[PDB]
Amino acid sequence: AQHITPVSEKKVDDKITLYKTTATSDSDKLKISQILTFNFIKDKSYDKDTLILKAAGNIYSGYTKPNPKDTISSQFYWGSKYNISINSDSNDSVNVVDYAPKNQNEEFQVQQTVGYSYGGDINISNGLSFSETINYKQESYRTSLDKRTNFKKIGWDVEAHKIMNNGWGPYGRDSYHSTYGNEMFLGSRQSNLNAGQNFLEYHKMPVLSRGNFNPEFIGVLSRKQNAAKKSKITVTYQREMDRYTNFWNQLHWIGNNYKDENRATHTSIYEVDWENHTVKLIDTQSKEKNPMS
């Protein structure tokens, strides 16, 4: 589906006014949904517009359940990395000027506030005039900024880092053991069960691996009031999936984890009218490289 709310206008004081529009789009097939809050700040003291864009919603992990009948080898997809990107195009006077979360973060819950001050300053503080917050869980995962970020594009990756398995670990995507391989989701080294049963219990896996990630990210963009009034914003939500496998070699079990075996993406492109504080959908596209049952 897709929907854009009418612009709503709120005075923040006598110099500052907020014009808020919320754009939504989703792909039901991929279970990715975007909820984009466009907070346009117009400050009578400052000659640039400021957009504090919050990107929230849901990205399913893409986990697939293994079949318990699988005898001496089995496999499943899991959600190993999520990427959210925002890029600005078609107006050289629009720049990404701040964002949260910043730097890198392995906290179990990322909680920050983005505040606007009279005059144009933006301040980012830890924890929960105008401000907007992000709050999201990522146990076992860690958030890092896209290392190609610049004034036209920002993004964040949330990647599996420290996965525990019944007390063993932490395991990463490329964990290595010369006997047992990558044992991140292996149930036991010597099980008599079928392969499709010899994995870590679903509920003991991280929520981000087998459930849904609920991103909350903020990009802050500025635009000079005396320059062009339209621009394009593209917001992309992606999951990358690994394939975890196990195999009985006649003496013991081994695990393997093959990185980046599939990706599913949902992308929306908006035309932003900075003068009227409005966004209009130009397109959405949903894609997935290599689905598996």
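When you see a residue number, it is the position in the sequence shown, counting from 1.
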Notebook entry, point to check: From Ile72 to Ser73, how many deposited residues does the entry skip: none, 1 to 3, 4 to 9, or 10 or more?
Noted result: none
Item checked: Of 155 to 163 and 109 to 117, the one with larger mean CA B-factor -> 109 to 117
Item checked: Higher-scoring stretch by recorded Cα B factor average, 9 to 17 or 268 to 276 -> 9 to 17
Notebook entry, point to check: If you check the C-alpha B-factor for each of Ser175, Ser209, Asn126, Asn83 in the entry, which is highest?
Noted result: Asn126
Check: Between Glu139, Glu183, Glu132, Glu216, which carries the biggest CA temperature factor in the record?
Finding: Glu132
Checklist line | Where the record places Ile41 (Cα B-factor, split into thirds across the chain) | finding: highest
Check: Ranked by Cα temperature factor within the chain, is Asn262 in the lowest third, the middle third or the highest third?
Finding: middle
Margin query: Using only modelled residues of the chain, where does the Cα B factor of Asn58 rank: lowest third, middle third or highest third?
Written below: lowest
Check: C-alpha B factor of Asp26, ranked within the chain: lowest, middle or highest third?
Finding: middle
Next item on the list: Would you mind ranking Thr245 by its C-alpha B-factor against the rest of the chain and naming the third, lowest, middle or highest?
Entry: lowest
